[PDB]
Amino acid sequence: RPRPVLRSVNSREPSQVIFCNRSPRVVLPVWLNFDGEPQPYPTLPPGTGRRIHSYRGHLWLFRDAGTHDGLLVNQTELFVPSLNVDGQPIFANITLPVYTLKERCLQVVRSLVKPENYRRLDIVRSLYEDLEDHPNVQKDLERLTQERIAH
Amino acid sequence: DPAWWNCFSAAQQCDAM
Amino acid sequence: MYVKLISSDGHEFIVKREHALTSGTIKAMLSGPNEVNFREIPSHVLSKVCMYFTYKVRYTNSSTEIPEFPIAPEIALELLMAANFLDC
Amino acid sequence: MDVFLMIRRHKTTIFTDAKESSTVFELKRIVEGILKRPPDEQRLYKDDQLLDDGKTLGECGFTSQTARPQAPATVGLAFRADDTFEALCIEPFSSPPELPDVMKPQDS
Ligand SMILES: *CC(=O)Nc1ccc(NC(=O)C*)cc1
């Protein structure tokens, strides 16, 4: 209720991090600052890597740079740097998630028709709303927070 | 457990003392 | 165990049960009082739907590099309506 | 390593998976468990070339990069009518309709 909890500490301890883009999308790396607000960072082309100077105990989420589609890193949602034990840089293998076929079909249609034509399509009622409900990071953080609260 | 499950839970306990 | 899924135009798709139970809608049609008819789903859609069953059963939990699931634009509108209806 | 297949005859379409180091006869066993017909009553085809029983799927041309999940490779099938095998037939799928006036590229 006070501060959002999906956030990074100011641990001041450096950490070597490498983002690998094992996805066909243009990945957008995102760092949540010490207040929970997401900071975007330069995009990653598909199949490319990059060493990144982040810090021990930060948070990183990755999305499609154009569509904001959700992406998994190391098979999970968020990524946490840590100590570099004996040289070792930390790998953040960004991957696609196994989308639901519904959300996947919306992904394609959203990339063909553009907003004002979402309601120019002869489809069932509760689908224009799903088309207009684009993937949102700020709301997926609210969801990701609300999910684990019950645990 | 994922590395961010601990990142969340440690904040909740620290932030809301 | 194999189940059979029929399209409207008359194609017979036989897939494993764990594959068909990916769709929650199909879990109920064959829960018990197998073979299922889909009289508004053509063959070119139900075939792609059957591919997604194999796609999810294969790549869920798998630590491999997951590739894109392709959808052609001409079938994107129909596959969406089926995906909404079939719930998967 | 793992290959994913569409065994097709007329309007029947079977989805299954095998491994590259498995023979065509072993795949004819998989169909026997499904369609209740013995291997000697089956003839498997890649497009229109008859695949013999002794060879593996990888040797027949079903590599993991072509027999993928999201895009499985079609495996032709023909049964024996009386004492002579049928003509290999796979009924095509339904055709999608015209792409709407909106979903077209349009950019000059
Ligand atoms: C008081 C405080 O800052 N707790 C806190 C916040 C965030 C994190 N995140 C990670 O360690 C990744 C830990 C503790």
# chains A, B, ... in the order shown; residues from 1 in each chain; ligands from 1

$ residues_near_ligand --ligand "ligand 1" --cutoff "12 Å" --atoms "only C-alpha atoms and all ligand atoms" --output "MDAnalysis selection string"
(chainID A and resid 3:11 13 31:36 54:60 78:83) or (chainID B and resid 2:17)

$ interface_residues --of "chain D" --to "chain C" --cutoff "6 Å" --atoms "only C-alpha atoms" --output "list in words"
residues 11, 12, 13, 14, 15, 69, 70, 93, 94 and 99 of chain D

$ closest_atom_pairs --of "chain D" --to "chain A" --cutoff "8 Å" --atoms "only C-alpha atoms" --output "tab-separated table"
residue	atom	partner	partner_atom	distance
D:102	CA	A:113	CA	6.3
D:103	CA	A:112	CA	5.3
D:104	CA	A:112	CA	7.4
D:105	CA	A:112	CA	7.7

$ write_last_selection --atoms "C-alpha atoms" --output "short mmCIF file (atom, residue, chain, number, x, y, z; two decimals), in the first residue's frame"
data_model
loop_
_atom_site.label_atom_id
_atom_site.label_comp_id
_atom_site.auth_asym_id
_atom_site.auth_seq_id
_atom_site.Cartn_x
_atom_site.Cartn_y
_atom_site.Cartn_z
CA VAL D 102 -8.27 -3.77 -43.66
CA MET D 103 -5.67 -6.50 -43.06
CA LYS D 104 -3.79 -5.70 -46.29
CA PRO D 105 -0.32 -4.07 -46.23
#

$ atom_distance --atom1 "CA of residue 28 in chain A" --atom2 "CA of residue 41 in chain A"
6.6 Å

$ atom_distance --atom1 "CA of residue 78 in chain D" --atom2 "CA of residue 35 in chain D"
12.0 Å

$ select_by_dssp --residues "chain D" --states "strand (DSSP E or B)" --output "PDB file with C-alpha atoms, in the first residue's frame"
ATOM      1  CA  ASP D   2      12.240 -35.582 -31.949  1.00  0.00           C
ATOM      2  CA  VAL D   3      10.172 -35.339 -35.140  1.00  0.00           C
ATOM      3  CA  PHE D   4       6.491 -34.389 -35.286  1.00  0.00           C
ATOM      4  CA  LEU D   5       4.275 -35.743 -38.024  1.00  0.00           C
ATOM      5  CA  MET D   6       0.948 -35.496 -39.842  1.00  0.00           C
ATOM      6  CA  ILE D   7       0.009 -38.966 -41.105  1.00  0.00           C
ATOM      7  CA  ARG D   8      -2.724 -38.178 -43.626  1.00  0.00           C
ATOM      8  CA  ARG D   9      -5.090 -40.203 -45.803  1.00  0.00           C
ATOM      9  CA  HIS D  10      -8.091 -38.676 -47.582  1.00  0.00           C
ATOM     10  CA  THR D  12      -8.067 -38.445 -41.866  1.00  0.00           C
ATOM     11  CA  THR D  13      -5.214 -36.541 -40.216  1.00  0.00           C
ATOM     12  CA  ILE D  14      -3.156 -38.184 -37.459  1.00  0.00           C
ATOM     13  CA  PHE D  15      -0.840 -36.146 -35.222  1.00  0.00           C
ATOM     14  CA  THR D  16       1.969 -38.057 -33.513  1.00  0.00           C
ATOM     15  CA  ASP D  17       5.697 -37.884 -32.826  1.00  0.00           C
ATOM     16  CA  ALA D  18       8.623 -40.290 -33.108  1.00  0.00           C
ATOM     17  CA  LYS D  19      12.414 -40.064 -32.976  1.00  0.00           C
ATOM     18  CA  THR D  23      12.142 -46.988 -38.543  1.00  0.00           C
ATOM     19  CA  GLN D  42       0.088 -49.747 -45.073  1.00  0.00           C
ATOM     20  CA  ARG D  43       2.347 -47.773 -47.410  1.00  0.00           C
ATOM     21  CA  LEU D  44       3.980 -44.604 -46.080  1.00  0.00           C
ATOM     22  CA  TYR D  45       4.998 -41.791 -48.420  1.00  0.00           C
ATOM     23  CA  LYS D  46       7.027 -38.598 -48.242  1.00  0.00           C
ATOM     24  CA  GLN D  49       8.002 -41.350 -52.800  1.00  0.00           C
ATOM     25  CA  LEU D  50       7.265 -44.702 -51.160  1.00  0.00           C
ATOM     26  CA  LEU D  51       9.188 -45.119 -47.899  1.00  0.00           C
ATOM     27  CA  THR D  56      14.621 -44.503 -40.310  1.00  0.00           C
ATOM     28  CA  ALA D  73       5.806 -32.834 -41.913  1.00  0.00           C
ATOM     29  CA  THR D  74       3.065 -34.561 -43.889  1.00  0.00           C
ATOM     30  CA  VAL D  75       3.433 -38.349 -44.162  1.00  0.00           C
ATOM     31  CA  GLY D  76       1.403 -39.902 -46.962  1.00  0.00           C
ATOM     32  CA  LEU D  77      -0.569 -43.075 -46.337  1.00  0.00           C
ATOM     33  CA  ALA D  78      -2.376 -45.623 -48.505  1.00  0.00           C
ATOM     34  CA  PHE D  79      -4.130 -48.841 -47.483  1.00  0.00           C
ATOM     35  CA  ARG D  80      -4.553 -52.110 -49.363  1.00  0.00           C
ATOM     36  CA  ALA D  81      -7.902 -52.502 -51.136  1.00  0.00           C
ATOM     37  CA  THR D  84      -3.974 -54.139 -54.361  1.00  0.00           C
ATOM     38  CA  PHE D  85      -3.045 -50.933 -52.558  1.00  0.00           C
ATOM     39  CA  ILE D  90      -4.877 -36.864 -49.232  1.00  0.00           C
TER      40      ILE D  90
END

$ interface_residues --of "chain C" --to "chain A" --cutoff "6 Å" --atoms "only C-alpha atoms" --output "ChimeraX atom specification"
/C:66,80,83-84,88

$ atom_distance --atom1 "CA of residue 38 in chain D" --atom2 "CA of residue 87 in chain D"
17.9 Å

$ select_by_dssp --residues "range 8-76 of chain C" --states "helix (DSSP H, G or I)" --output "MDAnalysis selection string"
chainID C and resid 17:20 24:29 43:59 73:76

$ write_last_selection --atoms "C-alpha atoms" --output "JSON list (two decimals), in the first residue's frame"
[["chain", "number", "residue", "atom", "x", "y", "z"],
["C", 17, "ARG", "CA", -5.83, -37.11, -25.02],
["C", 18, "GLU", "CA", -3.32, -34.98, -23.10],
["C", 19, "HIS", "CA", -3.07, -32.91, -26.28],
["C", 20, "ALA", "CA", -6.84, -32.41, -26.59],
["C", 24, "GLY", "CA", -10.50, -26.50, -21.38],
["C", 25, "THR", "CA", -13.57, -26.55, -23.61],
["C", 26, "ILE", "CA", -12.61, -29.99, -24.92],
["C", 27, "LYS", "CA", -12.06, -31.31, -21.38],
["C", 28, "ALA", "CA", -15.81, -30.89, -20.82],
["C", 29, "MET", "CA", -17.16, -32.19, -24.14],
["C", 43, "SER", "CA", -10.39, -28.04, -41.50],
["C", 44, "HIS", "CA", -7.75, -25.36, -42.15],
["C", 45, "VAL", "CA", -8.43, -23.95, -38.67],
["C", 46, "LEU", "CA", -8.80, -27.18, -36.68],
["C", 47, "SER", "CA", -5.50, -28.40, -38.16],
["C", 48, "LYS", "CA", -3.65, -25.34, -36.87],
["C", 49, "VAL", "CA", -5.45, -25.76, -33.54],
["C", 50, "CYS", "CA", -4.18, -29.34, -33.39],
["C", 51, "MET", "CA", -0.66, -28.06, -34.06],
["C", 52, "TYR", "CA", -0.89, -25.73, -31.05],
["C", 53, "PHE", "CA", -1.74, -28.73, -28.88],
["C", 54, "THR", "CA", 1.54, -30.35, -29.92],
["C", 55, "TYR", "CA", 3.27, -26.97, -29.59],
["C", 56, "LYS", "CA", 2.19, -26.43, -25.97],
["C", 57, "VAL", "CA", 2.68, -30.04, -24.84],
["C", 58, "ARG", "CA", 6.22, -29.92, -26.26],
["C", 59, "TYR", "CA", 7.51, -26.51, -25.17],
["C", 73, "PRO", "CA", -2.98, -13.54, -41.79],
["C", 74, "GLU", "CA", -5.81, -15.12, -43.79],
["C", 75, "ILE", "CA", -6.40, -17.66, -41.00],
["C", 76, "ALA", "CA", -5.60, -15.26, -38.14]]

$ residues_around --residues "residue 57 in chain D" --least-positions-apart "3" --cutoff "7 Å" --atoms "only C-alpha atoms" --output "ChimeraX atom specification"
/D:20-24,60-62
